[PDB]
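Chemist: let's see this in three dimensions:
(chains A, B and C)
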Amino acid sequence: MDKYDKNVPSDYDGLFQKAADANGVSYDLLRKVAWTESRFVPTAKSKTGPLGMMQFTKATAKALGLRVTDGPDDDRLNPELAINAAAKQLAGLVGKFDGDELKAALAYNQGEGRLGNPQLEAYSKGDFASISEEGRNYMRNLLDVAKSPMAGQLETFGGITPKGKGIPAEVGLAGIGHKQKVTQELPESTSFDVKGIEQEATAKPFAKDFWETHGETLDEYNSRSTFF
Amino acid sequence: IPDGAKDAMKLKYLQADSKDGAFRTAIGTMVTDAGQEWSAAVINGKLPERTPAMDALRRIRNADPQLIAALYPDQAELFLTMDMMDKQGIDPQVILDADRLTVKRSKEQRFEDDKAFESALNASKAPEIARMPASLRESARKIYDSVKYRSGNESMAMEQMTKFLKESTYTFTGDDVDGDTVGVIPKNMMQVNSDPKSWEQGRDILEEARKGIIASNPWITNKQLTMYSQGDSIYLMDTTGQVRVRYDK
Amino acid sequence: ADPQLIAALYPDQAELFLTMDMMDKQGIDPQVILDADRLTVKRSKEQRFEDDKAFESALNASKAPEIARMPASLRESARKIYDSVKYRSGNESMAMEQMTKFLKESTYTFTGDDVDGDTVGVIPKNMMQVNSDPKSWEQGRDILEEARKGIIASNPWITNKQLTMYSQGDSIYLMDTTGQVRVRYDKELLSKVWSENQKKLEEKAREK
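Modeler: Numbers count the residues shown, from 1 in each chain, chains lettered A, B, ... in the order given. What follows is the structure:
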């Protein structure tokens, strides 16, 4: 997973354009958010591990106003309605932040409340020091595809010199990793299949064979032949 | 390679394998399933519509009889009994009934049953019944047990067995023999045509054969040969076994 | 759900369930089986042989054809009834009379022409009913008696022109010596045959 694969052959993206047009969200932002949350991975295992493309939590899933209490313990497993709900939430966030502010809407990552309101206030003041590390990293990951008036102030935050640019963790730690030594190539078993010689069919009884070849039974034959 | 060569190689590897090896473990599922099929059929009194394990094991036996007899004697004996019944034209329900009658009976009662059956046979007047070979006696006992199990009549079972055996077997006689009987052969094993009445021709060819062998080997004990039907063959044999002649249809 | 699998894996429970099924179809409470097992369990292997010999000798010396030539499967249930009565009292004569009276009025013995011993099978009466009325057992017997005469005519090659009649579970089997001729009947088929015969008879009476 490098550079988000912008121009990779788009796998299972027959849903983002429709949600984007329905709700007004940018296609690139929605696709990038989905990639960041789940990397389009069908399993998406974690502490909670929602395998859906939008890696929600139970509290957010219920607060979204859906019927989550259905199906396999959670209804937001079918991709289309979960993606549509996420797009609606993103559109509501973008619209409510005075214009096309595509990065304050990343309150989507932190929410609004005891831990999200002060960070949004700090973002409004332009004071990125009061935003958490998780929020700062999450906004840094979206700088390529986002339209914001503070997109240039965030990139020049954390530079080694005041004229430098900060380094996102996806770039500073890029390329450092180890391959898995275990693969899904399973060992195969073989059946002990010996197809020998077919068994001979059951014969007719001697009396039945006699009565079918000759129109009379053995007793009649013996009685008639012994008359003379 | 053709399938026969593949079967031969697989059976060579099966024979060379050790007691708890993987080759014997793979085919042990077949034997376990076949035994379970037969035991369940005996308990329920009816064979199921499908017995894949018994069919597979029987085909493997047809490929190599000695290996199966060496490794799984019980299934080999069962298959030999089924083969004899099949050649007589008897449905496996008879074997099921005989097994059902015998299984519900203690070891002390089985001895009494065997003694009673042997006494009833030895007291008969027909030569084919009073001096029956043991291999034929097993199938006769199964027929008698089936008839005695499905009804309560032992007299009916005896008459049914005797009538079935009289009209389907032929007893050969010798000159100056105590008891006069030298063997009993089923009639359909002496047929020279598809016509059952041709059994009389094949008997003649047999009767001149044992007279011709005795003339060629006058040194045999009492100038006597025994005639024994095994599988699909008829054996003319003397006392020492040095003179042995095989015939088939 | 699956009888053959249970018989293959757990034979003891399968045999127990078959015995309970036969008792249930006869209308007998499991307390009889419990009493018979209680009588047998407190008895050594040497005494069980003597008990079996005595019971078989008592049966073979009877005068009723249903008792002297009883099939083994019916003999097991008869032995259980006899053992229960002989266990709850001390009277073996009472147990014998109770067993014989119970078996006389609930079973029917079929006979054949020129058969040594004359018996070809014993069938419980309630397995030959064509209605809910018990007295209808006589109709289902007739349908059976004409069946075995019709099969013998169609298959004259059978050993002595004789068939055995055997009741297993809820079915009645007409079978020859070799097993090549086997015919199955049940209360549904007996009822259907009886209904067809009644329709034919009533239409013949109406239109003639």
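Chemist: just the helices in chain B please.
Modeler: Counting by DSSP state H, residue ranges of the helices within chain B are B:3-16, B:22-44, B:52-63, B:65-71, B:73-88, B:92-103, B:107-122, B:127-130, B:134-150, B:154-166, B:199-216.
Chemist: closest to residue A:203 out of the ones you listed?
Modeler: The closest approach between residue A:203 and any of the helices of chain B, judged by Cβ to Cβ, belongs to helix B:73-88 at 5.9 Å. Quick note: C-beta positions are derived from backbone N, CA and C, even for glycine.
Chemist: are the closest one and chain A in contact anywhere?
Modeler: Yes. Part of helix B:73-88 sits near chain A under the criterion Cβ under 8 Å from any Cβ of the partner chain, namely B:86, B:87, B:88.
Chemist: select the longest helix from chain C.
Modeler: Ranked by residue count under DSSP H, the longest helix found in chain C is helix C:187-206.
Chemist: so which elements touch that one?
Modeler: For helix C:187-206, the contact count by 3 or more Cβ pairs under 8 Å, 6 or more residues apart in numbering or on different chains; DSSP states H and E identifies helix C:137-154 as packing neighbours.
Chemist: let's see it at 10 Å
Modeler: With contacts taken as 3 or more Cβ pairs under 10 Å, 6 or more residues apart in numbering or on different chains; DSSP states H and E, helix C:187-206 sits against helix C:137-154, strand C:171-175.
Chemist: next, the buried residues of it.
Modeler: Of the residues in helix C:187-206, those scored as buried under the neighbour-count criterion (16 or more other Cβ atoms under 10 Å in any protein chain shown) are C:187, C:190, C:191, C:193, C:194.
Chemist: repeat for stretch C:138-146
Modeler: Burial within stretch C:138-146, assessed by neighbour count using 16+ other Cβ under 10 Å, is assigned to C:139, C:140, C:141, C:143, C:144.
Chemist: go on, stretch C:142-162?
Modeler: By 16+ other Cβ under 10 Å, the buried positions in stretch C:142-162 come out as C:143, C:144, C:147, C:148, C:151, C:152, C:157, C:158, C:159, C:160, C:161, C:162.
Chemist: ok, which of these also contact chain B?
Modeler: Near chain B, judged by Cβ under 10 Å from any Cβ of the partner chain, the entries from the buried residues of stretch C:142-162 are C:158, C:159, C:160, C:162.
Chemist: adding secondary structure and distance to chain A, write those residues out as TSV.
Modeler: Formatted as TSV, the entries for those read as follows, by DSSP: H, G, I helix; E, B strand; the rest coil; distance: Cβ to the nearest Cβ, whole Å:
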residue	secondary structure	distance to chain A
C:158	coil	7
C:159	coil	7
C:160	coil	9
C:162	coil	13
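Chemist: could I get those as CSV with distance to residue C:9?
Modeler: As requested, those are exported to CSV (distance: Cβ to Cβ, whole Å):
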residue, distance to residue C:9
C:158, 38
C:159, 38
C:160, 41
C:162, 38
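Chemist: so what's the spatially most central residue of chain C bridging to?
Modeler: Closest to where the C-alpha atoms of chain C average out (Cα atoms, centre = their mean) is residue C:123, at 3.9 Å. When assigned by DSSP bridges, residue C:123 has beta-bridge partners residue C:108.
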